[PDB]
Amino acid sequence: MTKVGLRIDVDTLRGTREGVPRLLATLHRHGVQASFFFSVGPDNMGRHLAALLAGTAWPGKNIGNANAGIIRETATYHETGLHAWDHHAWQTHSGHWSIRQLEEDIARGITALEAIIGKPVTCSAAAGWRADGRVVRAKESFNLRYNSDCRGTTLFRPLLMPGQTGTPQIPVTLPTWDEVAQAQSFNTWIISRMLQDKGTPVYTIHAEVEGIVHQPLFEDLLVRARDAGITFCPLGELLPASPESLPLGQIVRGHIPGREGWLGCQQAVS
């Protein structure tokens, strides 16, 4: 039996409203505990040009204000953490932002999420994986249990400077749907990839996709993974008792097939 961390990205109001409760019903039926990362601030996801009315040229609606009961309900049965304040803003401008500006944005998000759920937030994940070393320094202020800011191969402590390591990093090791899409073969291929990972396999889905349109597909993936020997757990479950066991690494600006843009890429040391 093979533990695969299941991460779920929520980036829009409609993913939170309609995607998450369907995901909650599905995961409850199939005994699966997962890890949700909520975008709680403005839905400006439309500015990339229902998404046509997603803050395309006007302030977007607060996702966490408009869904504070779903979010609350999620954090009752799942590890819960912070995806973004303004997802569009982070993935578009964070690479030019000062370390103060990254700190301030993570603050805004963490506060909104703790206002909704009423308990400490222990993990986070940069929108679009738009993170690097500066984001590591900015996230060190909040001293979270772990963070999932990059694509890599296995969990690791980032090295901030010689002798000092940061808050542990739980990378996404597997490609996503939208990077590979045939649809009926994708489940069989991703299960193969989950079973042959040499690291710690962490899979990422999106509440806008696997929670809405491709919910029957993702529920099939649940069934087949149970049978091929896989069990999905929240990412934090993959940490050992001592973060000392985790290897040293960094996050650097790299590129991945299927994504247009740079993103955070785990690396080894010097």
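Residue indices: 1-based, along the sequence shown.
- Counting the unmodelled positions of the deposited sequence between residue 241 and residue 242 gives zero.
- Missing deposited residues between residue 181 and residue 182: 4 to 9, all without coordinates in the entry.
- Between the stretches 117-125 and 171-179, it is 171-179 that shows the larger average CA temperature factor.
- The PDB entry reports B-factors from which the mean C-alpha value can be compared for 91-99 and 160-168; the larger average falls on 91-99.
- Of the candidates 21, 249, 15, 257, the one whose C-alpha carries the top B factor in the deposited record is 257.
- The entry assigns its greatest Cα B factor, within the set 215, 33, 39, 56, to 56.
- In the PDB entry, residue 145 places in the lowest third of its chain by CA B-factor.
- Per-chain ranking of the deposited C-alpha B factor places residue 46 in the highest third.
- For residue 52, the recorded CA temperature factor ranks within the highest third of the chain's modelled residues.
- The PDB entry assigns residue 131 a C-alpha temperature factor belonging to the highest third of its chain's modelled residues.
- Sort the modelled residues of the chain by CA B factor and residue 270 lands in the highest third.
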